[PDB]
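A look at the structure
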Amino acid sequence: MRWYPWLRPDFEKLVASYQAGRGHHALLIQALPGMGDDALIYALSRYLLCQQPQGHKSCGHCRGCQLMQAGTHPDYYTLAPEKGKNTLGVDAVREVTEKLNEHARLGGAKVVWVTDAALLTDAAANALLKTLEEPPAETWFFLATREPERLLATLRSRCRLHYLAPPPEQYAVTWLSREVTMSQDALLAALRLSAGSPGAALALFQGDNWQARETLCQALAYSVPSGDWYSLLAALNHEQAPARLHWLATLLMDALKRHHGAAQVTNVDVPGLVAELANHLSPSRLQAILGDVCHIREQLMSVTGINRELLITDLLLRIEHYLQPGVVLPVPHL
Amino acid sequence: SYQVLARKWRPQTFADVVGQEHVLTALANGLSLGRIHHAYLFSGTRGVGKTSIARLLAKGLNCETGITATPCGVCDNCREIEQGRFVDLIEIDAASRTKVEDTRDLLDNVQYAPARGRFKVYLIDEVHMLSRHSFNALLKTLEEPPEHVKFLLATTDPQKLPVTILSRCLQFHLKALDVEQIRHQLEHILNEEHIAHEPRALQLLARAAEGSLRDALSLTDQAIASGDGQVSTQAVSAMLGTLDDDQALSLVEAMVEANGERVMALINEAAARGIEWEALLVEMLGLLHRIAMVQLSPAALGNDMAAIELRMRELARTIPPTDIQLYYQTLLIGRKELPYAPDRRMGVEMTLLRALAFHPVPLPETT
Amino acid sequence: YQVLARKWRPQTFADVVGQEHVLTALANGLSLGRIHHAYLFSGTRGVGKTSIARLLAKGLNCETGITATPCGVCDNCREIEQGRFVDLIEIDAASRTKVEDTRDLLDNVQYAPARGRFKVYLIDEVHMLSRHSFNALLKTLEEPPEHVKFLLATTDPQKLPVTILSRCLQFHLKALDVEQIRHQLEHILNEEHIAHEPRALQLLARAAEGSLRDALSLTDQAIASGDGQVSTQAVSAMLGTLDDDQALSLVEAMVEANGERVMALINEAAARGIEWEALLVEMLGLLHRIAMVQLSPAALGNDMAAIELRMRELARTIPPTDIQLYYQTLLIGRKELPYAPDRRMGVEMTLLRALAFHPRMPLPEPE
Amino acid sequence: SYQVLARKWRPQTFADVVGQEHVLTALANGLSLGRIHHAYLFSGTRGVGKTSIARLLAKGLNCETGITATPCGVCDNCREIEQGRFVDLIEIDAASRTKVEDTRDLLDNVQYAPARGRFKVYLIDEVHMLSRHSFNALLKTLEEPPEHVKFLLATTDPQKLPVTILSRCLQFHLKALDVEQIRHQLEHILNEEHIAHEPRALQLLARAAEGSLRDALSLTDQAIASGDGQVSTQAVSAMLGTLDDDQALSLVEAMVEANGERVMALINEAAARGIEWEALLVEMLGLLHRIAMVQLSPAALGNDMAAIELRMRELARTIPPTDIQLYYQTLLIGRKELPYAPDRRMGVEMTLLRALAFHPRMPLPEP
Amino acid sequence: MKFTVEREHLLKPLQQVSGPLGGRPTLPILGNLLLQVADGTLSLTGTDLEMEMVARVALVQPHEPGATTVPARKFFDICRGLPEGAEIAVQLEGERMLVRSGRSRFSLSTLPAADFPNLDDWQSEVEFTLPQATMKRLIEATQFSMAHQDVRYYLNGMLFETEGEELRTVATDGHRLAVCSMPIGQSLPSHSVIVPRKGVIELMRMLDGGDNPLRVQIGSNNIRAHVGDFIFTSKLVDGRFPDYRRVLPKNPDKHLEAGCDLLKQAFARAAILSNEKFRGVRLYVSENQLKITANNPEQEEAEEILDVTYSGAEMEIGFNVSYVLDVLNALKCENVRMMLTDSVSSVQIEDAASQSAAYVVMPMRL
DNA sequence: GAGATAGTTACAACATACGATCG
DNA sequence: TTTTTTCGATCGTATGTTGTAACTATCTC
Ligand SMILES: Nc1ncnc2c1ncn2[C@@H]1O[C@H](COP(=O)(O)OP(=O)(O)O)[C@@H](O)[C@H]1O
Ligand SMILES: Nc1ncnc2c1ncn2[C@@H]1O[C@H](COP(=O)(O)OP(=O)(O)O)[C@@H](O)[C@H]1O
Ligand SMILES: Nc1ncnc2c1ncn2[C@@H]1O[C@H](COP(=O)(O)OP(=O)(O)O)[C@@H](O)[C@H]1O
Ligand code: ALF
Ligand code: ALF
Ligand code: ALF
Ligand SMILES: [Mg+2]
Ligand SMILES: [Mg+2]
Ligand SMILES: [Mg+2]
Ligand SMILES: [Zn+2]
Ligand SMILES: [Zn+2]
Ligand SMILES: [Zn+2]
Ligand SMILES: [Zn+2]
């Protein structure tokens, strides 16, 4: 949780509202992963819970600040999924709702933070509606998500929505160059893969994900001339399958764009691979493979407990089957 | 203390509720004629005032003056209900009380006389969230309860409720508020609140409300917060990301002529400018619909599009109706699955590629 | 004002609508003296299960004796009518489903009835009982005391164990016909001295499916909305269903490929401010009715008599393939309506799509 | 009066019980030769004679004359056991009392010698409902039983019992009573009761019994009630039609033979009884899938679907596979498009019509 | 840091401190308790983020001032395990704390004191002191009517109202109401507050009839009670409470005066055959005549006749016997006065001797 | 010969383990 | 020489452990 500079302007607005007392009791922040919305929410909560703040900065020495640093403030309830799980249950939401009834122990404001609104189940989202609609006095909520359209309409309508705009591409590239040392094409490719969100590309570079991407690219380069896509299984069967499927979809889309003729592509560091992919496949086949890859990624991310190995094996077998002549390709439908 | 416009402007009388004329008329007639039922179920979309209607009905039932369709709003019972501390009004959040034990405890207290009011009102919010056993337990008492208890049900998913419950309730369907009604309410609220505004901003907010008044109020509050305390047309346009210019016309023309480079360059420029993709898709769908309707009859074109009329006419002369239908359907499908795509830009590009195939540091306190 | 449903519960076998077979079987059993000790009743909601169960219980315990025509005036009949008889143990299985409750109930079944000749246990919502509760009743059902009778009522008999189903005589109640519901509503309204019209009764009977309680609830709602009277316009407004004439005219215009007439009628409907989803549903229903008429002449009932002949004309001229194409086109249009930019735009585009692919008169192509 | 037909005709001698020849012969030989096990466990379906055979064995195990397979039926012990008030015969309904305390007391009671019988027999019925601690106590008591104590167990789900208890007792499994034996028993009972009957009515009752004599007797009593003191073909047929709940197979059979009026009649009959349309559609899909798999291999049809084995086998034999595949595909499409149909019933009727007299056009890869 | 104390004095304050702490701490800090040696005393404080219990024990033996945290369960086990008369020494050695429990040395983990969430600055909106007997009487006479678990969260507590010179306690659950009042001899501003049921139970258990007075302070969001050398702090419901005045019937006319013992015996005898699930009874009131009737599901009837002083018209009214018995038990008076208006109105109960306490029961309409 | 205190038994509340149904 | 499961939310039954209140028995006034 680092404070990126580009978050400074938006913060300056939000806190100002809370300085005038005309602050909404339910703020929903929309931002891509790695943008730093969590840092903004933490700063806002820290300012709210400070007993005697000056300007836009918490004092850092009052009881509230000391407890926040210790992380044992009686207020500041936090909702997050269990360590072993990946969803937020109704029990935690109901417990927080029950606890909110009583007065504030420190006599200040009560802050509730939801780690990620998209992880809430249907029951939890429905339960939180009444609490969000008419919260007690001096109660503040903070929700974070990357796609508000996924949330329930009833839940969305009860929150004031604030959107964070990613910075300019040139500024992000310069910041990444100052941070990490890599080729310009690699930086551009990482930034575009992260939907132009600096911080996510930095995280991608920090881990071994770049080596996995290179291995996947080499495997695809070997596989495309041969027509044996099954070999890609070893490069895709992993806990981070959605990211690799996203990379494959990006490669296919870049190949299709090159086939149609374009100047801007996502994969800037591998012109040879995209050119070879475009040469060896028809645009219709590329479209079909892209659609299947996206559908499989969505199914993998949505369904819980689904076995990834079987799904990926079936996907690869279907991809190999499509390339045969005289086969009905799929068509999107409602 | 300060309260948002959504909750502060909750209607307090039958004269402060916009629309829903049939429901209000039915309630008034029932109260006047004395034909009082013991099971009312308000169903409809969200942000239309089901809970407000239920609260007003409960207030009217338990008014000191008597059973009237126009609550005074000043007697002890009315103000007590407004403050939410009235004893005989039991507001049950069904979304957090789904267990059978709570319902059984509730139904064991129905035989006691009301404390101070003449009726014991149970207002169940979001009754669709209860379990099956809860519904079955309710059924018996709800069929024929005592004479001093009334049940009020509010929900937005009537399909969830079993047919058995629906067969023993008076159902009232709330319609979605029209754009004109929402605009009128918004301007009235802003005038009462002493906030500057312009007609275009109110029209845009009403159109974007999608028939929900709560959404309209939330958007108005967002604009006020980000509009430096003023509801300006420019501020609302910037917040909503309206296309304004004729970008959609250029994109649809490029798609129709099947020029991949042009459409890709336009999409790249739009992404650099940072526009909303949903608005772009809606604008393109509207343009396709207008082109088709004009192709039906030359005079169908509206007067607001004169500045771009001529170009559109050419499309209506060069594109068969079937191709227009195909493009509209493809754009609609792309809009439907836009959220599920890994990126919004990727979804838009995929939809356009599908369509192209158709052709003959100051850190405050954070680590 | 006591609601119509509670007021008009049948009090004799001559006051029950339909259900001839079960009534005849019960009358024969009571007359011949061949009386079982376990009866189960099944059927859809609001068809008279509890009513006939209570009537049978009253017939068994009547002072005059055991007859199929209870007097309805003796003390036992009066107490059972008022729901306070001591020998009619009514149990709400939905509210008490734990095994210990069943154990307590069965521990004191040996004692003789207080005043009546039989001690009748009437369990409602049997399907809510737990598995242990079901098992605990097997021996008692098989060999109960001579002065004990069990009456069971449920909506889904398939949920019970097969063992219980083999121990009791099963009676299945059928959904009431439209004519029976209309006649019952007419009789009730005449007894209540309320103005009514044949069209309103027909619409209410159609909208009540087969449950008479739903019909009574709808009648009460219509009376409330109509201000003490039942009128065809009031019923139409309550149900929010447009008259068949407009939909039939629109379908005829679509079939003959008259774009201008269709557009004018759509504009007129928009001026009327009707619901678009209801319009599409009505058009689909009309197409389905035409297809069924093509399947067999008798598929059309008298409810469409007002337009029957005209509708029949469409049956002998449109080939079945065209009917199927129109039905599928409208179904697809209704499927994609929610994502359209506007309901009016969605319906207009669906109609334009139907016209463009018209089998006989497609729109002209460009040159 | 007349008691109950099932309860009155409980067998009281080994010569009266019909069927189950192997169990009776084994028990008779064991009693004659003195080979008596320490614990018996009777298993089978409902209403086959488990309790009756257990009671007969208990009666024959303590007769005054001696241990024999043909008890006199006249001595004091036989008479008292018939009346169900014998001192030594301790019959316990395990379903009503499952807690550890009751079983503990009952098993501690074994330490006393029998009062007036050579054996003290415990007849535990519905043993599968006992608690785990109850099973532990029973196993502890049953590991080393006394010489004068015997245990008789009756159960319908033996798999619930632990393996340890199963290993300590000899298990006898009963089979279905078959049509002919049930018909003969019904004929004998009706002849004894002096009630008129017809052979076809008895055949229909036996067929509907489905290997359960208790069900056959219950249906016979219900038919007698409906027939006004007699059994007739028309009355029984009407009763079965009212109770008939196999509309899915009948609909499939009517559709496969290209009949329209029959399909409409079946749809109306299904609508008369409260039924979920989607449930009917999925049932039809399952039936078609089963027929296809039976066509692929005759062993696909298992023992579960014994009631409708003949008709399904005939349909598989006669119908070519291509028609089955087409019907499956069209009904799958109908199920997919059902939720967007104007009405559930109308959607089902449209899908049935399509499967009856239509053929979809496959995309047929053109490139 | 270093201090040696006898086991007898240390035992019991530790039990009280560990009382509020449960098996599941859910946080490392909340599991421990804060021990502070200052001047010539030791303060042990324990909190669970809802209620705080702090005990103070004066120490005469030499000691080193300090403030740290120690696990509650380990310290309780150490103090309980030792035999009678053992002297316990404790010393903080660096990161660890060494306890010389008898002849066995034990090591305990120590966490920083600055991370303990305990109140430091207290502001009192009202403050006073009164003998423990009055508080015990009020709580005992008002708690039985308090709700246990209900949707209306504001009814799950007890209402304390300082009015003029007196203190009033109100409890209700939507079916019956209990009101008590007593003077304290001190002028106070009009102020009403709600205390949660758990806090009320803890306070009631705290009292033991000692002669030492109890000091009560009420702040903006908290209530503190000091008794002897123990301080208990709790938070407030903050949900508003309905006024009891409107609940009481207005202008009651029918009055019955009876003997408390006779009514108690009659109700207890009639309750034998009363329905177990509902426990409902019927009262017929006539001129100097009270007829009590009870019924059972199996038609078992019980009847009782009582002679009282009544002059109004005939009446018939249903009731729940359990509430009446509870009110009679809590009243503890020789004569009982019941005020009623009609057959569907609430009925008030008090003692003819004095009107300090009152109760209201809502009839069970059938 | 009666009243007060201590010990034992009974009832209610809370916690743990196992089995079953629907989305 | 072995190998072998989706998850969340809700309902029901049986057994074991702990705490508080009421009743009975014994000792001292
Ligand atoms: N018909 C209406 N007229 C005026 N305001 C309305 C109306 N319907 C809803 N609102 C506004 O929406 C807010 C929330 O409405 P709500 O009670 O949640 O309705 P629902 O229960 O249908 O969501 C209210 O504060 C009110 O200001
Ligand atoms: N056969 C019938 N004849 C007359 N009225 C009926 C009949 N069946 C149902 N009703 C009406 O339906 C209402 C409710 O019936 P109910 O007793 O709930 O049946 P069920 O137990 O099947 O739900 C009653 O008010 C009654 O008038
Ligand atoms: N073999 C048989 N012969 C005659 N009657 C039988 C036979 N089996 C069952 N019955 C009938 O079934 C009833 C007894 O049920 P039973 O079969 O003992 O229950 P279960 O077998 O389910 O324990 C009696 O009324 C009896 O007439
Ligand atoms: F409170 Al709502 F739809 F009833 F948001
Ligand atoms: F009371 Al019902 F079906 F609703 F029997
Ligand atoms: F009598 Al059974 F199963 F019906 F034992
Ligand atoms: Mg609401
Ligand atoms: Mg019923
Ligand atoms: Mg049996
Ligand atoms: Zn601070
Ligand atoms: Zn009023
Ligand atoms: Zn009678
Ligand atoms: Zn004998």
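Residues numbered from 1 in each chain as written, not as in the entry; some residues may be left out. Chains lettered and ligands numbered in written order. Part of a larger assembly, values for the part shown. Heavy atoms only, no water.

Here we come to the overall build of chain A. Along the backbone of chain A there are 15 helices and five strands. Here the analysis covers contacts within chain A between residues at least 6 apart in sequence; of these, 70% occur between residues at least 24 apart. Of the roughly 14,500 Å² that chain A leaves accessible, carbon and sulfur atoms contribute 52%. Computed over 29 positive and 32 negative side-chain charges, the separation of the two mean positions in chain A equals 6 Å. (Helix = DSSP H or I, 4+ residues; strand = E, 2+ residues; numbered from the N terminus. Contact = heavy atoms within 4.5 Å. Areas by Shrake-Rupley, 256 points an atom, 1.4 Å probe, with all protein chains shown as cover. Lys, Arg positive; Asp, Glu negative; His and termini not counted. Charge placed at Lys NZ, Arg CZ, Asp CG, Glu CD.)

Glancing now at the protein's contact with DNA strand G. The environment of DNA strand G is formed by 21 residues, the closest being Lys-85 of chain A, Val-100 of chain B, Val-99 and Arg-103 of chain C together with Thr-98 of chain D. The sugar-phosphate portion of DNA strand G accounts for 100% of its atoms within 4 Å of the protein, the bases making up the rest. In this structure, a phosphate oxygen belonging to DNA strand G sits 3.0 Å away from a main-chain N or O atom of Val-100 of chain B. Mapped onto the surface near DNA strand G, the elements with two or more residues apiece are helix 5 (100–107) of chain B together with helix 5 (99–107) of chain C. (Near = heavy atom within 4 Å. Polar contact = N/O pair within 3.5 Å; in protein donor to acceptor, adjacent residues only side chain to side chain.)

All names here are of chain E. Running from N to C, helix 5 (residues 132–143) and helix 6 (residues 197–206) cross one another at 135 degrees; their axes reach a closest spacing of 10 Å. As the angle between them shows, helix 5 and helix 6 are arranged oblique. In this structure, the crossing between helix 5 and helix 6 has a hand that is left-handed. In contact with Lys-136, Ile-139, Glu-140 and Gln-143 of helix 5, helix 6 contributes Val-200, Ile-201, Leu-203 and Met-204. A per-class count over the contact of helix 5 with helix 6 returns five nonpolar, one polar and two charged. (Axes fitted to C-alpha atoms, helices over the stretch in contact; angles between N-to-C directions. Parallel < 35°, antiparallel > 145°, perpendicular 65-115°, else oblique. Left-handed = near helix turned anticlockwise from the far one by under 90°. Nonpolar A, V, L, I, M, F, W, Y, C, P; charged D, E, K, R; others polar.)

Quick look at empty space enclosed by the protein now. Its volume calculated, the largest cavity comes out at about 700 Å³. Lining the largest cavity are 34 residues, with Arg-9, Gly-46, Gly-48, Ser-51 and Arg-213 of chain C sitting closest to its centre. Looking at the lining of the largest cavity, the elements that each hand over two or more residues are helix 6 (132–143) of chain B together with helix 3 (49–60), helix 9 (178–192) and helix 11 (212–225) of chain C. In terms of residue class, the lining of the largest cavity is built from 13 nonpolar, nine polar and 12 charged. A volume near 180 Å³ is recorded for the second largest cavity. (1 Å grid on protein atoms, 1.4 Å probe; cavity = no way out; pocket = protein on both sides within 12 Å on 5 of 7 lines; lining within 4 Å. Points joined across faces, edges and corners; volume = space filled by probe spheres on them.)

Here we come to the coordination of the zinc ion (ligand 11). Residues and elements named next belong to chain B. Around the zinc ion (ligand 11), the donor atoms from the protein are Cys-63 (SG), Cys-72 (SG), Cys-75 (SG) and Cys-78 (SG), and they sit 2.3 Å away. Coordination geometry of the zinc ion (ligand 11): the four donor atoms subtend angles of 106 to 112 degrees at the metal centre, consistent with an arrangement described as tetrahedral. Here the donor residues of the zinc ion (ligand 11) share one chain and are spaced in sequence as C-x8-C-x2-C-x2-C. Here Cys-63 falls in the buried class, since its relative accessible area comes to 1%. (Donors = N, O, S within 2.8 Å, 3.2 Å for Na, K, Ca; no water. Tetrahedral: all angles 85-135°; square planar, octahedral: opposite > 155°, others 65-115°. Buried < 20%, exposed > 50% of the residue type's maximum accessible area, 1.4 Å probe, protein only.)

Okay, the interface of chain B and chain A next. Across the contact, 48 residues belong to chain B and 60 residues belong to chain A. When the area that chain B buries against chain A is broken down by residue, the three leading residues are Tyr-2, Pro-364 and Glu-365 of chain B, summing to 12%. At the junction of chain B with chain A, the criterion picks out nine salt bridges. Where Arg-46 of chain A meets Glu-365 of chain B, a salt bridge forms, and the shortest distance between an N and an O atom there is 3.4 Å. Inspection of the region where chain B meets chain A yields 15 residue pairs in polar contact. (Buried area = accessible area lost by both parts, 1.4 Å probe. Salt bridge = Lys/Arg side-chain N within 4 Å of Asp/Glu carboxyl O.)

All names here are of chain D. In the numbering adopted here, UniProt assigns the feature "binding site: Zn(2+)" to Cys-63, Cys-72, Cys-75 and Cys-78. Spanning 16 residues, the named residues nonetheless gather at one spot, since no C-alpha pair among them exceeds 7.4 Å. By secondary structure assignment, the location of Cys-72 is in the loop between helix 3 (50–60) and helix 4 (76–83). Among residues more than four places away in sequence, those in contact with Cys-72 are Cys-63 and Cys-78. With respect to the helices, strands and loops of the structure, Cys-78 is situated in helix 4. (UniProt positions renumbered as here; feature names shortened; annotations may be inferred.)

So, on to the site of ligand 5. Close to ligand 5 lie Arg-168 of chain B together with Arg-45, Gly-46, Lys-49, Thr-50 and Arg-213 of chain C. Looking at what sits near ligand 5, you find residues from chains B and C. Taking a 2 Å distance to the grid points as the criterion, the majority of the atoms of ligand 5 fall inside the largest cavity. Taken together, the residues of the shell around ligand 5 sort by class into no nonpolar, two polar and four charged. (Sits in = over half its atoms within 2 Å of the grid points.)

What follows deals with the site of ligand 2. All names here are of chain C. Inspection of the region around ligand 2 gives 15 residues, with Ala-5, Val-17, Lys-49, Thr-50 and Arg-213 positioned closest. Between ligand 2 and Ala-5 there is a distance of 2.7 Å, counted from an oxygen atom to a backbone nitrogen or oxygen. For ligand 2, whose accessible area on its own is 560 Å², the fraction buried by protein is 96%. Judged by its atoms lying within 2 Å of the grid points, ligand 2 is housed in the largest cavity. Put simply, the parts of the chain that give the shell around ligand 2 at least two residues each are helix 3 and helix 11. With three residues, the top contributor of residues to the shell around ligand 2 is helix 3.

Residue and element names in this part refer to chain C. At 2.3 Å from the zinc ion (ligand 12) lie its protein donor atoms, namely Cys-62 (SG), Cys-71 (SG), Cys-74 (SG) and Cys-77 (SG). Coordination geometry of the zinc ion (ligand 12): the four donor atoms subtend angles of 104 to 113 degrees at the metal centre, consistent with an arrangement described as tetrahedral. Mapped onto the polypeptide sequence, the residues donating to the zinc ion (ligand 12) form the spacing pattern C-x8-C-x2-C-x2-C.

Our focus in this paragraph is the sheet that holds strand 9 (residues 126–130) of chain E. All names here are of chain E. One open sheet holds the eight strands; their spatial order is 5-2-3-4-16-15-14-9, and the pairing between them is antiparallel. Looking at strand neighbours, the two that pair on one side only are strand 5 (66–71) and strand 9, the edges of this open sheet. Direction aside, the axes of adjacent strands within the sheet are offset by 15 degrees on average. In this fold helix 4 (residues 72–81) packs onto strand 2 (32–38) and strand 5, with an angle of close to 85 degrees to the strand it touches most, strand 5. The sheet contacts of helix 5 involve strand 9, strand 14 (214–218) and strand 15 (222–227), and relative to strand 9 the element is tilted by about 105 degrees. (Pairing = 2+ DSSP bridges.)

Helical geometry: 3.6 residues make up each α-helical turn, so side chains three or four residues apart lie on a common side. Residues and elements named next belong to chain D. Looking only at helix 11 (residues 233–243), the buried set comprises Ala-235, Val-236 and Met-239. Around the axis of helix 11, the buried residues are gathered within 95 degrees of arc, so they sit on the same side. Those residues of helix 11 that are buried are in contact with helix 9 (199–209) and helix 10 (213–226). (Arc of directions from axis to C-beta.)

Below, the discussion takes up a negative patch on the surface. Residues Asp-104 and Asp-107 of chain C together with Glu-276, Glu-298 and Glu-300 of chain E make up a contiguous surface patch of negative charge. Mapped onto the elements of the fold, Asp-107 of chain C is located in helix 5. (Patch = residues over 30% accessible without salt bridge, like charges linked within 9 Å, V, L, I, M, F, W, Y side chains within 5 Å.)

This part covers the environment of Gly-102 of chain E. All names here are of chain E. Tracing the backbone through its elements, the reader meets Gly-102 in the loop between strand 7 (96–101) and strand 8 (104–109). Sequence separation between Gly-102 and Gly-23 is 79 residues; the distance between their C-alpha atoms is 27 Å. The residues contacting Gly-102, other than those within four sequence positions of it, are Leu-82 and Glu-87.

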